[PDB]
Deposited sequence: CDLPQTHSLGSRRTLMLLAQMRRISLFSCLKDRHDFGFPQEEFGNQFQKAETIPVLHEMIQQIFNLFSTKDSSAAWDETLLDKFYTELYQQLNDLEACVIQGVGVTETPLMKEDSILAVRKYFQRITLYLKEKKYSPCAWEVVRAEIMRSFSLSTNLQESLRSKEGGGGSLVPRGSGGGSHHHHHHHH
């Protein structure tokens, strides 16, 4: 997908430090792969949560503003593209994705938004976004 590749390209451009400087900080966030046509509202939640995570005051302090704005534009386009194409099962899938973002939120707060903690999270989202969009 061109949109997916562009989203990843912008998240790669946002990188400030190398994860090679943070290899002892490897952390498993338990991305619920078990939840991923029926996966469209689940992928929608995933993109909305990436937008939420990178739109906080903490994210604005950590990453370049011009690159973040380009990133939001691409996430907006992805959300729009998904809207163009059992309710309780869908709710359950959405709740599992939300718990994964809750672990990321707690981790950044616990690590006091350090450069390594933000690079661990950025690399985590490069991986889970690639998986969720089956790129």
query	finding
Sequence order list of spans that the model leaves without C-alpha positions, deposited numbering	1-7, 44-49, 99-107, 158-188
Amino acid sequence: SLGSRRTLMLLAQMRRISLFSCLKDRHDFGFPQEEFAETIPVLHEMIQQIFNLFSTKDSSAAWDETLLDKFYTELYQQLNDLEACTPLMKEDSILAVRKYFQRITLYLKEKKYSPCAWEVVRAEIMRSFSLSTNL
From here on, numbers count along this sequence of modelled residues.
| property | result |
| --- | --- |
| Comparing 38-46 with 102-110, the one whose average Cα B-factor in the PDB entry is higher | 38-46 |
| 25-33 set against 75-83, stretch whose average Cα temperature factor tops the other in the entry | 75-83 |
| Residue 62 - Cα temperature factor, lowest/middle/highest third of chain | middle |
| Lowest, middle or highest third - CA B-factor, residue 53 | lowest |
